[PDB]
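**Q** Here it is: the structure, laid out below.
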Amino acid sequence: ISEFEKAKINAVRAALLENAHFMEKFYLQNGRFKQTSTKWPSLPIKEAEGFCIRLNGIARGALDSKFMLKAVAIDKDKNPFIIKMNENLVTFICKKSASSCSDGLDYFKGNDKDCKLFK
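So the sequence shown is numbered by PDB author numbering: it starts at 1 and just counts up by one.
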């Protein structure tokens, strides 16, 4: 049970690691220590590891200092949790849903429940 969580989380969180680089752009922009480092990560992930990566929430692209990074399980049953990426390099694991999968892989979902801080 619990092993599934961390394994599945890690898997799509690897895809969110792409988003960790995307949000890292933000880190590198907001905190420029070395100017020689040019950095443009662009998220090509819409779905990965049975979860979907979408830009949704406060924005749908880099606008302010906030970077919308969301991974939602296509199947909220096959996968009870959701993986959300915040600019703090932090993951939010919720049993709730924080968005929807526009890829139209197989299934859609809409449930709210428990949340968790993953740092």
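Just so you know, even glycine gets a beta-carbon here, dropped at the ideal spot from N, CA and C.
If the criterion is Cβ atoms closer than 7 Å, does the pair residue 70 and residue 100 meet it?
**A** Result no, Cβ atoms of residue 70 and residue 100 do not sit closer than 7 Å.
**Q** From this set, 72, 23, 32 and 42, which residue's C-alpha is nearest residue 9's C-alpha?
**A** For the residues 72, 23, 32 and 42, the minimum Cα distance to residue 9 belongs to 72.
**Q** Just the Cα atoms here: how many angstroms apart are residue 53 and residue 34?
**A** The straight-line gap from Cα to Cα measures roughly 30 Å.
**Q** Are residue 113 and residue 95 touching if we call contact CB-CB under 7 Å?
**A** Result yes, Cβ atoms of residue 113 and residue 95 sit closer than 7 Å.
**Q** Whose C-alpha, out of 104, 109, 68 and 74, is nearest the C-alpha of residue 89?
**A** Residue 68 is the option with its Cα nearest to residue 89.
**Q** Apart from the five residues just before and just after residue 142, which ones in its own chain have a Cβ nearer than 6 Å to its Cβ?
**A** A query on residue 142 cannot be resolved here, the shown segment of the chain reaching from 1 to 119 and no further.
**Q** Between which two residues does the beta strand (DSSP E) containing residue 14 stretch?
**A** That residue, residue 14, is in no beta strand (DSSP E); its alpha helix (DSSP H) goes 2-30.
**Q** Could you give the DSSP three-state label for residue 70: helix, strand or coil?
**A** Three-state result, residue 70: strand.
**Q** Use the C-beta contact count for residue 124: other C-beta atoms within 10 angstroms, 16 or more gives buried, fewer gives exposed.
**A** Look at the range of the chain in this structure, 1 to 119, and you will see that residue 124 is not part of it.
**Q** Closer than 6 Å by C-beta to residue 117: which residues in its own chain qualify, once you throw out the five before and the five after it? Chain order, please.
**A** So no residue of the chain qualifies.
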